[PDB]
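Top line first, the protein sequences correspond to chains V, D, C and L.
Start counting the first sequence at 144; every next residue gets the next number (our numbering).
Start counting the second sequence at 3; every next residue gets the next number (our numbering).
Start counting the third sequence at 23; every next residue gets the next number (our numbering).
Start counting the fourth sequence at 498; every next residue gets the next number (our numbering).
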Amino acid sequence: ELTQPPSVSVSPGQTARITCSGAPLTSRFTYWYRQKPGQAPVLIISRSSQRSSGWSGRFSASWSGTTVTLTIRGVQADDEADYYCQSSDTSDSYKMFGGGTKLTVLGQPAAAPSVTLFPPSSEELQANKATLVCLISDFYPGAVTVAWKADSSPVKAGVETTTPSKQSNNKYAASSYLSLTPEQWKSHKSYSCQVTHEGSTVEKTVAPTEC
Amino acid sequence: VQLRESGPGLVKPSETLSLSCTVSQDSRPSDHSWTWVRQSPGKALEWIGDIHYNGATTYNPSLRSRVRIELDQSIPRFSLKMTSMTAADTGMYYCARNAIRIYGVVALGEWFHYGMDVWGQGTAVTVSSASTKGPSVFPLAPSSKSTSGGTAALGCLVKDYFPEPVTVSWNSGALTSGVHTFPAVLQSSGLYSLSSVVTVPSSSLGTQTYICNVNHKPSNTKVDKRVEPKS
Amino acid sequence: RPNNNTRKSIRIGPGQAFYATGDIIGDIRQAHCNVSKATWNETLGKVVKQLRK
Amino acid sequence: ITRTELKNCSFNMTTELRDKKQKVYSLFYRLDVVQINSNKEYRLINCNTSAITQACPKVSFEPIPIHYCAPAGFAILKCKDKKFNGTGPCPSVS
Ligand SMILES: *[C@@H]1O[C@H](CO)[C@@H](O[C@@H]2O[C@H](CO)[C@@H](O[C@@H]3O[C@H](CO[C@H]4O[C@H](CO[C@H]5O[C@H](CO)[C@@H](O)[C@H](O)[C@@H]5O)[C@@H](O)[C@H](O[C@H]5O[C@H](CO)[C@@H](O)[C@H](O[C@H]6O[C@H](CO)[C@@H](O)[C@H](O)[C@@H]6O)[C@@H]5O)[C@@H]4O)[C@@H](O)[C@H](O[C@H]4O[C@H](CO)[C@@H](O)[C@H](O)[C@@H]4O[C@H]4O[C@H](CO)[C@@H](O)[C@H](O)[C@@H]4O)[C@@H]3O)[C@H](O)[C@H]2NC(C)=O)[C@H](O)[C@H]1NC(C)=O
Ligand SMILES: *[C@@H]1O[C@H](CO[C@@H]2O[C@@H](C)[C@@H](O)[C@@H](O)[C@@H]2O)[C@@H](O[C@@H]2O[C@H](CO)[C@@H](O[C@@H]3O[C@H](CO[C@H]4O[C@H](CO[C@H]5O[C@H](CO)[C@@H](O)[C@H](O)[C@@H]5O)[C@@H](O)[C@H](O)[C@@H]4O)[C@@H](O)[C@H](O[C@H]4O[C@H](CO)[C@@H](O)[C@H](O)[C@@H]4O[C@@H]4O[C@H](CO)[C@@H](O)[C@H](O)[C@H]4NC(C)=O)[C@@H]3O)[C@H](O)[C@H]2NC(C)=O)[C@H](O)[C@H]1NC(C)=O
Ligand SMILES: *[C@@H]1O[C@H](CO)[C@@H](O[C@@H]2O[C@H](CO)[C@@H](O[C@@H]3O[C@H](CO[C@H]4O[C@H](CO)[C@@H](O)[C@H](O[C@H]5O[C@H](CO[C@H]6O[C@H](CO)[C@@H](O)[C@H](O)[C@@H]6O)[C@@H](O)[C@H](O)[C@@H]5O)[C@@H]4O)[C@@H](O)[C@H](O[C@H]4O[C@H](CO)[C@@H](O)[C@H](O)[C@@H]4O)[C@@H]3O)[C@H](O)[C@H]2NC(C)=O)[C@H](O)[C@H]1NC(C)=O
Ligand SMILES: *[C@@H]1O[C@H](CO)[C@@H](O[C@@H]2O[C@H](CO)[C@@H](O[C@@H]3O[C@H](CO[C@H]4O[C@H](CO)[C@@H](O)[C@H](O)[C@@H]4O)[C@@H](O)[C@H](O)[C@@H]3O)[C@H](O)[C@H]2NC(C)=O)[C@H](O)[C@H]1NC(C)=O
Ligand SMILES: *[C@@H]1O[C@H](CO)[C@@H](O[C@@H]2O[C@H](CO)[C@@H](O[C@@H]3O[C@H](CO)[C@@H](O)[C@H](O)[C@@H]3O)[C@H](O)[C@H]2NC(C)=O)[C@H](O)[C@H]1NC(C)=O
Ligand SMILES: *[C@@H]1O[C@H](CO)[C@@H](O[C@@H]2O[C@H](CO)[C@@H](O[C@@H]3O[C@H](CO)[C@@H](O)[C@H](O)[C@@H]3O)[C@H](O)[C@H]2NC(C)=O)[C@H](O)[C@H]1NC(C)=O
Ligand SMILES: *[C@@H]1O[C@H](CO)[C@@H](O[C@@H]2O[C@H](CO)[C@@H](O[C@@H]3O[C@H](CO)[C@@H](O)[C@H](O)[C@@H]3O)[C@H](O)[C@H]2NC(C)=O)[C@H](O)[C@H]1NC(C)=O
Ligand SMILES: *[C@@H]1O[C@H](CO)[C@@H](O)[C@H](O)[C@H]1NC(C)=O
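Written out as structure tokens, the structure reads:
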């Protein structure tokens, strides 16, 4: 029943502090690792002798009664992901897992997405049903509405908007997907899907029979 | 050194699932003890047990009834099993190696753990009784203005797929300068709809308009489609 | 014994010096004695044979 | 901070001058020391029972062949019989 925090943050270019509390902290040592989203974790710190293992400059570790101290380098920039924590029971049988903290760096730029909104063109107008598309990405952070409209004023119409997910450099790229009939694609309006976060918010148009 | 997974990666809740991993070009695979881990959809990592060429059996006590691991002394095959328990826990299962160095004499307690140091390609496993109809090609039809470079969005989307894995390749992995892929949602049927637009240096394109290659892992996994020369 | 020890001489009284262990360099390990497993199984067999009669 | 078998122990002894004392940290082995009654304070096991005298460093403890030869007017009879069960009448004598 070890305890690793899951939500802490710190400013870039400053020393941080990672802990992991658990009673079976004797014959266990400490794991951590930083799994960037959708990737595989790597060695946070590795034992190459029975004495110690904080030789590399980037990271060091300290030991307390129960909580473990994962000190880190002075610069906390560019390297960010959630840091788990793992250890083994006293009987040298079992490996406990107990979460780990996702860290975010301050001083992040101001949110602004600018992707070109694609139209449903060239395959479904041949088929039975229209496949509606208005993919918006590269926002930071989320909590942005796309505001689907009827002609010049919004209407939800029950369309589906998916979940934000970080990719590349800590930038969520959820996207948004519409789903309706083809008769509506050529009976409703020319259609154009904007985005709204704060202040200046831009859009692009899909256009009808544009070829 | 190299190590990559194997197996289907999908199952119904009633039947036992069994996947494996393959290690090769390793200088010494026999002595190193390895264990498997799983990552829930709520992003909570978990531990399954160690095993050794020695023949040591150990797993997580919460999953003892389900898992029963096997070994191949000839060529390293890393089979795995999970019987009674299947649903909910379904997420991204991994392949890893729990490296071991020695501080002296084995069988004397002198074999300290190096820890996890090499991992697999990464595979995903979820439970859902629905099967896969498969993906069909679907271009996005771009439009370009006159001159001086500028914006260049061109996509080849696929609306229908059931396997969480999606393999994206623009001209069989020819362009790595810019590549982009995004996820989607379940809709009402449960077949998600993943589409990908690639940012390319487009001003005037001649017979280099780039194609798309599909995942489609559960079904026949090969459709090659070219976007229209609209540039 | 795998221990790599060091002579630490400390003068007690006028001339005498007490030679003790310093800090052990190059890891710490347990002492052991190996025995040929195949060669021992034949010796325990020859003994039980002549104890038999 | 985590088998043990040995102790990084210390004490203070006599120095070259009986007026002055000196602390030195040495090491000892388990079972050479047994507890007295925080901060562990130990004790040489021999001080409870008998004295102690360090062996000389230049003394070789390797066993070498030491013949036992008889004085004058006496002789050591050795048995040459291979199967000398117990002790009885050895027929082959030297
Ligand atoms: C009674 O029975 C017992 C039991 O059988 C016998 O007792 C002892 O048993 C011990 C435990 O088995 C054993 O102790 C260790 O021996 C290790 C030997 O390791 C061998 O394999 C290594 C493989 O690792 C590499 O490949 C891996 C994949 O294959 C890869 O994953 C890994 O990353 C590595 O790349 C080899 O590296 C290692 O090489 C040795 O032997 C080679 C033979 O070809 C030789 O070529 C090597 O060096 C040569 O060249 C160099 C450079 O010029 C010269 O300097 C050398 O003199 C030599 O010519 C090398 O000798 C083996 O094949 C040891 O590795 C291990 O030592 C490490 O750990 C100890 C304790 O922690 C350290 O003190 C030590 O310095 C080593 O690691 C430290 O340094 C490294 C280097 O940076 C650090 O990374 C690390 O963090 C540490 O700080 C142990 O010594 C005993 O050897 C064994 N006894 C004997 C005498 O052999 C007992 O002998 C029996 N008794 C009798 C009398 O019968
Ligand atoms: C087995 O046990 C033995 C015996 O250790 C015993 O207990 C320890 C606590 C110590 O008091 C021993 O004297 C005692 O016998 C172990 O052998 C000792 O191990 C310790 C481990 O810490 C060693 O301690 C380090 O000593 C470093 C150097 O100090 C030496 O010289 C001192 C006077 O010299 C002055 O000038 C020199 C430069 O010329 C400076 O380098 C030095 O700092 C002095 O200013 C003398 O008083 C000492 O006894 C010793 O002979 C010292 O630099 C280290 O202290 C630093 O760094 C540590 C981490 O490495 C850190 O933990 C300390 O807190 C400390 O940080 C600060 O450093 C400042 C420097 O000025 C100092 O002012 C602050 O006070 C200090 N912070 C505070 C507060 O603590 C260590 O103290 C010791 O040298 C070993 N024996 C010797 C040779 O004396 C043996 O290791 C054990 N086994 C094993 C293998 O572990
Ligand atoms: C007198 O002789 C009799 C002869 O019968 C002895 O009786 C048996 O003798 C055999 C002789 O080899 C013994 O040895 C072997 O036993 C294993 C099973 O042992 C497992 O359980 C024991 C406790 O009983 C435990 O000590 C072992 O530990 C091994 O594995 C652990 C696992 O750790 C791993 O996972 C953990 C996580 O859980 C990680 O943290 C860790 O890093 C690692 O990854 C290791 O840590 C240990 O170092 C050790 O390796 C085991 O858990 C059998 O499996 C052996 O034989 C079988 O396989 C071989 C190989 O294929 C095959 O040839 C053979 O036919 C078997 O199928 C072997 O039997 C028995 O323990 C012993 N006891 C029994 C059950 O009767 C008697 O003990 C002797 N008396 C004395 C005093 O020595
Ligand atoms: C230091 O002075 C001591 C007191 O004069 C010496 O006496 C004892 O010596 C033994 C030798 O092994 C030490 O080891 C302990 O022995 C006790 C004996 O208890 C046994 O009998 C009782 C009933 O009479 C029974 O209940 C127990 O189960 C035992 O069968 C053990 O109980 C301990 O576990 C341990 O083995 C003693 O520590 C030591 N002290 C005493 C008062 O027993 C000692 O020999 C002198 N020096 C040393 C330490 O060797
Ligand atoms: C037992 O411990 C002793 C002392 O540590 C070991 O002796 C050391 O062996 C090394 C082998 O390379 C010697 O070489 C080099 O010395 C230079 C200069 O001091 C140093 O910078 C290198 O890192 C390296 O140590 C070393 O001089 C020698 N003595 C010392 C003072 O360390 C010995 O090797 C160990 N066990 C045995 C018997 O091999
Ligand atoms: C020989 O070593 C012993 C210890 O085995 C010395 O006795 C006293 O040991 C304590 C242990 O903590 C020393 O600690 C000091 O305590 C004072 C007051 O509580 C504190 O202010 C210091 O910071 C330190 O913690 C103490 O110095 C030492 N002596 C006294 C007067 O208590 C003994 O002194 C050593 N040599 C001999 C036999 O004189
Ligand atoms: C070596 O082998 C000889 C035989 O060549 C043994 O001599 C005989 O040993 C047996 C058993 O020890 C004796 O029988 C017993 O004698 C005891 C009295 O000593 C008696 O209490 C028992 O009821 C039983 O009769 C036997 O008398 C003895 N002598 C002869 C002539 O057979 C000898 O013991 C073996 N051990 C040695 C000496 O290494
Ligand atoms: C002892 O060491 C020698 C060194 O050549 C080795 O040949 C022999 O097998 C060893 N015996 C054992 C079992 O310790």
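Don't be surprised by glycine CBs; every beta carbon is placed ideally from N, CA and C.
Residue(s) in a DSSP beta bridge with residue 347(V): 336(V)
Runs of beta strand (DSSP E) lying entirely within the segment 87-145 of chain D, each at least 3 residues, in chain order: 98-102, 115-121
Coarse secondary structure for residue 544(L), derived from DSSP in three states: Three-state result, residue 544(L): helix.
Distance between beta carbons of residue 306(V) and residue 317(V), contact taken as under 8 Å: 6 Å
Cβ pair residue 308(V), residue 189(D) closer than 8 Å: no
Residue 186(D), buried or exposed, once every other Cβ within 10 Å from all chains shown has been counted against 16: buried
Ligand 8 heavy atom lying under 7 Å from the CB of residue 56(C): For residue 56(C), the distance from the CB to the nearest heavy atom of ligand 8 is below 7 Å.
Pair within 8 Å by beta-carbon distance, residue 196(V) and residue 205(V): no
For residue 42(C), the first and last residue of its enclosing beta strand (DSSP E): 39-43
Same chain only: Cβ atoms within 8 Å of residue 178(V), ignoring 5 sequence neighbours per side: 184, 224, 225, 227
Of the listed residues 10(D), 160(D), 30(D), 156(D), nearest to residue 235(D) (C-alpha basis): What the structure shows of chain D is the stretch from 3 to 233, and residue 235(D) is not part of that stretch, so it cannot be assessed.
Residue 466(L) CB to nearest heavy atom of ligand 4 below 7 Å: Residue numbering for chain L in the displayed model covers 498 to 591; residue 466(L) lies beyond these limits and cannot be assessed.
Partners in chain L for residue 170(V), counting only beta-carbon separations shorter than 7 Å: 499
C-beta neighbour in chain D for residue 23(C), strict 8 Å: no
Heavy atom of ligand 5 within 7 Å of residue 48(C) beta-carbon: yes
Contact belief for residue 154(D) with residue 204(D) at Cβ below 8 Å, rounded distance in angstroms: 4 Å
Nearest-angstrom Cα separation, counted from residue 221(D) out to residue 137(D): 9 Å
Where residue 175(V) falls: helix, strand or coil (DSSP): Coil at residue 175(V), not helix or strand.
CB contact below 8 Å: residue 140(D) versus chain V: Interface residue, yes.
Cβ-Cβ distance between residue 244(D) and residue 79(D) below 8 Å: Outside the modelled stretch of chain D, which goes from 3 to 233, sits residue 244(D), for which no answer is possible.
Interface residues of the segment 196-219 of chain V facing chain L [CB-CB below 8 Å]: 206
Proximity test, Cβ basis, 8 Å: residue 161(D) and chain V: yes
Under 9 Å by beta carbon: chain D residues contacting residue 52(C): 106, 107, 110, 111, 112
Residue-level contact to chain V via CB, residue 80(D), 8 Å cutoff: Using a Cβ-Cβ cut-off of 8 Å, residue 80(D) does not count as an interface residue toward chain V, since no Cβ of chain V sits closer than that to its own.
Residue 26(C) CB to nearest heavy atom of ligand 5 below 7 Å: yes
Under the three-state DSSP convention, the category residue 59(C) falls into: helix
Alpha helix (DSSP H) runs wholly inside the segment 236-315 of chain V, at least 4 long, in chain order: none
Chain L contacts from the segment 43-73 of chain C (Cβ-Cβ distance under 7 Å): 43
Bridge-paired residues (DSSP) for residue 26(D): For residue 26(D), which the question treats as bridged, DSSP gives the partners 4(D).
Any non-hydrogen atom of ligand 3 within 7 Å of residue 58(D) CB: yes
Own chain partners of residue 169(D) with C-beta closer than 6 Å, once the 5 adjacent residues on each side are dropped: 217
Contact test: residue 509(L) Cβ vs ligand 6 heavy atom, cutoff 7 Å: Answer for residue 509(L): yes, Cβ within range of ligand 6.
Proximity test, residue 453(L) beta-carbon vs ligand 6 heavy atom, cut-off 7 Å: The shown model of chain L, from 498 to 591, leaves out residue 453(L), and the question about it has no answer.
Contacting residues, own chain, Cβ-Cβ under 6 Å from residue 27(D) (five flanking each side not counted): 3, 4
Backbone secondary structure at residue 579(L) - three-state DSSP: coil
Cβ-heavy atom distance, residue 45(C) to ligand 2, below 7 Å: yes
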